[PDB]
Amino acid sequence: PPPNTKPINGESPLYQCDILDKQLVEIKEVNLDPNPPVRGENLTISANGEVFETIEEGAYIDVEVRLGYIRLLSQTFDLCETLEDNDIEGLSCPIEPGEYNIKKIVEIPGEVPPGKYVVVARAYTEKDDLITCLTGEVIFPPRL
Ligand SMILES: CC(C)[C@@H](C)/C=C/[C@@H](C)[C@H]1CC[C@H]2C3=CC=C4C[C@@H](O)CC[C@]4(C)[C@H]3CC[C@]12C
Ligand SMILES: *[C@@H]1O[C@H](CO)[C@@H](O)[C@H](O)[C@H]1NC(C)=O
């Protein structure tokens, strides 16, 4: 994978990107229950990380999904509102420094077209300090 990248330990395709930029959160480990995610099935996400600065209301995530060279989805999300909506282990947004472990189950839709998808997410704080940068490639087998 590209420059300024480091693999994330665990059963996952994720890499940390922009590694030469200090990040307020370290993602130490990530594990996916069906290791290559499968369409139409549950996906269990387990993650171990560290928070070095309090993340406050107003943080946001830039998420980009790309299919080949096509910019499929590109938008920003309210970090706190998004975490609060998806019930990630009751984590209220004021995320204090410390040791975290997360377990979340999401559903991968079966209608997703087959292909090589690349995901990139950058989370920043309200004054725009880089929280973290993650990238990953997921190939869904061509049975449409
Ligand atoms: C952790 C990552 C690497 C794993 C889970 C893979 C990402 C999946 C879930 C991503 C890859 C492409 C994404 C994707 C492609 C196309 C569409 C159609 C659009 O109208 C709504 C979003 C939607 C439905 C999203 C849903 C989430 C998908 C299917
Ligand atoms: C998928 O997840 C839903 C809710 O998380 C659960 O009710 C269902 O039993 C799960 N099914 C499988 C096959 O894991």
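- For this entry, the PDB record names X-ray crystallography as the structure determination method and reports a resolution of 2.9000 Å.

**What to know about the overall build of the chain**
- Within the chain, the regular secondary structure consists of one helix and nine strands.
- Walking the chain from its N terminus toward its C terminus, one meets helices and strands in the order β-β-β-β-β-β-α-β-β-β.
- Rg of the C-alpha trace for the chain: 15 Å, near the compact-globule value of 15 Å for 144 residues, within the 12% margin.
- Once the C-alpha set of the chain is aligned to its principal axes, its extents read approximately 45 × 35 × 25 Å.
- Taken over 144 residues, the chain has a buried fraction of 31%.
- The contacts in the chain between residues at least 6 apart in sequence include a share of 54% that link residues at least 24 apart.

**Looking at the site of ligand 1**
- Around ligand 1, a shell composed of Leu43, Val65, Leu72, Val112, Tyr117 and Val138 is seen.
- Burial of ligand 1 by the protein chains amounts to 57% of its free accessible area of 620 Å².

**Regarding the side chain of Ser12**
- Relative to the elements of secondary structure, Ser12 occurs in the loop between β1 (5-7) and β2 (15-17).
- We classify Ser12 as buried; its relative accessible area is 17%.
- Among the polar contacts listed, one links the side chain of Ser12 to the backbone nitrogen of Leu14, at a separation of 3.0 Å.
- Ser12 has contacts with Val30, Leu32 and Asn35, leaving out every residue within four places of it along the chain.

**Looking at the nonpolar core**
- Ranked by internal contacts, the top residues of the largest apolar core, which has 13 residues, are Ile55, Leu79 and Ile131.
- Within the residue set of this core, elements represented by two or more residues are β5 (60-67) and α1 (79-85).
- In contact with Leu79, not counting residues within four places along its chain, are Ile55, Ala59, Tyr60, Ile61 and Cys93.
- Counting eight residues, the second largest nonpolar core, distinct from the first, contains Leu43, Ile108, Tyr117 and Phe140.

**Some details on the packing of aromatic side chains**
- Inspection of the entire model under this criterion finds two aromatic pairs.
- On the numbers, 5.6 Å between centres and 5° between planes, the contact of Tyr60 with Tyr124 is stacked. On the criterion of sequence distance, the pair formed by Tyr60 in strand β5 and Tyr124 in strand β8 (residues 115-124) is long-range, its members being 64 residues apart.
- Take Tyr60: its relative accessible area is 21%, and that puts it in the partly exposed class.
- Centroid distance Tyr117 to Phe140: 5.7 Å. Interplanar angle 70°. Geometry classified as edge-to-face. Of the two residues, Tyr117 is situated in strand β8 and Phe140 in strand β9 (residues 130-140); the sequence distance between them amounts to 23 residues.

**Side note on the sheet that holds β1**
- Spatially, six strands are ordered β1-β2-β9-β8-β5-β6 in an open sheet, and the strand pairing comes out antiparallel. Whereas interior strands pair on both sides, the edge strands pair on one side only; in this sheet they are β1 and β6 (70-78). Pairwise comparison of adjacent strand axes, ignoring direction, gives a mean angle of 20° for this sheet.
- One ladder, built from eight bridges, connects β5 with β8; its direction is antiparallel. Directly across from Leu67, in β8, lies its bridge partner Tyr117.

Cut-offs and rules
- Residues numbered from 1 in each chain as written, not as in the entry; some residues may be left out.
- Chains lettered and ligands numbered in written order.
- Heavy atoms only, no water.
- Helix = DSSP H or I, 4+ residues; strand = E, 2+ residues; numbered from the N terminus.
- Rg over C-alpha atoms; globule rule 2.2 N^0.38 Å.
- Buried < 20%, exposed > 50% of the residue type's maximum accessible area, 1.4 Å probe, protein only.
- Contact = heavy atoms within 4.5 Å.
- Near = heavy atom within 4 Å.
- Areas by Shrake-Rupley, 256 points an atom, 1.4 Å probe, with all protein chains shown as cover.
- Polar contact = N/O pair within 3.5 Å; in protein donor to acceptor, adjacent residues only side chain to side chain.
- Core = buried A, V, L, I, M, F, W, Y, C linked by side-chain atoms within 4.5 Å.
- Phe/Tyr/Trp six-rings, centres within 6.5 Å; stacked < 30°, edge-to-face > 60°.
- Pairing = 2+ DSSP bridges.
- Axes fitted to C-alpha atoms, helices over the stretch in contact; angles between N-to-C directions.

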